[PDB]
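In what follows, a structure is listed as structure tokens, so that the remarks can point back to it.
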2 protein chains.
Amino acid sequence: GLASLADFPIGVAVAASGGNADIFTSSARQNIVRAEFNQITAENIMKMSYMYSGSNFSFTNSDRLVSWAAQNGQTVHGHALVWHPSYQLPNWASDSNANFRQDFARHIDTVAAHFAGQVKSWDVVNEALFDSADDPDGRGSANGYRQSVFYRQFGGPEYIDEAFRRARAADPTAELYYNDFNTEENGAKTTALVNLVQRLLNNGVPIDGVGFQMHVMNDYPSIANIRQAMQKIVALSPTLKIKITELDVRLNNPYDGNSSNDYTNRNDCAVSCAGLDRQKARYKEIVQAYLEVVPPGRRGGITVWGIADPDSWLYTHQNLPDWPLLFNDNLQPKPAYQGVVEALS
Amino acid sequence: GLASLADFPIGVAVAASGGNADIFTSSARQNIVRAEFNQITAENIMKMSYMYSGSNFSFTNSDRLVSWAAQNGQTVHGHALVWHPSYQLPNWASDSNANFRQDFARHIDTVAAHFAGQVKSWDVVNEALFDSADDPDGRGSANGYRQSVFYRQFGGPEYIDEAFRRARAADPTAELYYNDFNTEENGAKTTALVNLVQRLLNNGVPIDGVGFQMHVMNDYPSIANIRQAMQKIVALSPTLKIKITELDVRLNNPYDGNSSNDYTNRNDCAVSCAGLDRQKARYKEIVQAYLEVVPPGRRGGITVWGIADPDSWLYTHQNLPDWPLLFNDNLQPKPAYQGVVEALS
Ligand SMILES: [Ca+2]
Ligand SMILES: [Ca+2]
């Protein structure tokens, strides 16, 4: 399948929290992963709070998934050491906690050391950049940075340098990624990414690569913008790796000022519609831009953000159905799957 | 069923956009509606852009639903004449449209007149108040108002006055509501709701009632605050109705700073768990508060926001499973349903 077409990881996000998408329980999903992919990212269960039972570390459920990957031909991309959303914050990660920096170091040291040579790569820090459309903390932009509890407790972005350094000491074999979304738009957040990254390289911070989420729509951003965004990063260093971490492709755009081109019914694109054909071309042109802009030896992987459309976070979004992935509600390849094969080939 | 225990509308949101929850297609859902409820709101298909095919009005799909309702014992609550989210804006509702005010008028006048004796009540304006959590326009607060396209085009909140006057002229029998969420917290948004409603009452605007969406969690906000919030609005006018429009109850609170009390697994509360028992009590206490606070005669209805848990918008939220409604994944009544019957009894 897909993995055989590339010399770098071709990954998928897997669910492990019950219900239909559960990788342990869905032997049909297992067989797609075994046939098509060679790396897994935990969709949720390696997020920060999942490392804890109250205040003790607890790795039973995540060790389960990593041991599954190992026996099923998959490396694992660890997602994620440091990330802000309150639902996944350990209980220590509070403005009130005066031992915050200590508990922050023990987290990185303990988790990275625990998975030492069982995980290929980490999102060491995820989503550190201010995003106008996504600021739950409310605080607005601090020089390009999100003012999350980590920023607030460290007084600045130096929690980023510290997470890299600590992870690198704890596991000297792990590929260490900075990961974020909307940095492919080639706008203000892409510029903040380049400055973020230049600063870490200037400081001697051990970062191995930059992760682009790539949660895109069929027709936005344009690929010239995605191309340029990636080019700008590849230019920063002779060595720095580029990984597409979270690739999914929305047929619907609710931000384009045009409600007349929206698919509003679940039946619209269950078998055949123009949007599925554009989706084949859109997956194709992104994987092409990747191969063209990212030299061999610096390709960290392409990962798609789930197995089958009904598993997707976006199978609904903005009160609109969508069909964002390579496999359809029946676990059958979509024209999207072909676009990726044609690009990789 | 529930509707037989009250002398005000006992309603439910129904889906009609394909898949499992589609009311035209699920005889099992139809039978539940016929048994339990006497009012429907369309979850989606009565939103603004659904009234159009391109630039022309198209009432075909919404007429089918309204026909459905009248045939199966249901009144209809219209949702909504005026609302900001971009996914549902007709093509006219643009800063680039020199005819905005004309197109705005023609929308209200046409849709209201078209449903005139067919829909009992309207959300006339929905979500006009600024919410710190929910500002996609990016503009912040203008004196407690959301600076939506309607607010910008009017230079202020007088689009609200106009929408109520035009609905009243176009369908003089419809009960005319203002609807909003987080106004039950008794915080800053309750205070802005107070200003909003005072102003309309002051201007002589024909508002009939205030809707509380009531998207709550098991333990937040407290019913003391929910009680006082409603009291504050009942206090404004000797005749203003109160309606519960969008009631659902989350077991998971990912805002309480504790990731140790979350249910992370779809199986957690599939059969029984403590959250389901609290949920019975939560539904019960909210309906009791309603009955206590809102005089008979001023009771606009209680509506629950969907039929069965998997139909719910919150069946997943913040990456966590949830179980928000009165019927379970198997269309069996949950303890939630008893809490309602108890409060109504
Ligand atoms: Ca669109
Ligand atoms: Ca919680």
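All values below were derived from every heavy atom in this structure, side-chain atoms included, with hydrogens, water molecules and symmetry-related copies excluded. First listed ligand is number 1; within each ligand, the first listed atom is number 1. Naming convention: chains lettered A, B, ... in sequence-line order (proteins, then strands); numbering from 1 in each chain.
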With no hydrogens and no angle check, is any side-chain donor or acceptor of [X] less than 3.5 Å from a backbone partner on [Y]?
X       : Y       : answer
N218(A) : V249(A) : no
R282(B) : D219(B) : no
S62(A)  : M46(A)  : no
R152(B) : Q147(B) : yes

Donor-acceptor contacts under 3.5 Å from residues 52-59 of chain A side chains, at least two apart:
from	atom 1	to	atom 2	distance (Å)
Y52(A)	OH	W92(A)	NE1	2.8

Protein-side N, O or S atoms sitting under 3.0 Å from the Ca ion (ligand 1) are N253(A) O, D256(A) OD1, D256(A) OD2, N258(A) O, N261(A) OD1, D262(A) OD1
Among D329(B), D309(B), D322(B), which residue satisfies the side-chain hydrogen bond (donor to acceptor under 3.5 Å, both in side chains) criterion with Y315(B)? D329(B)
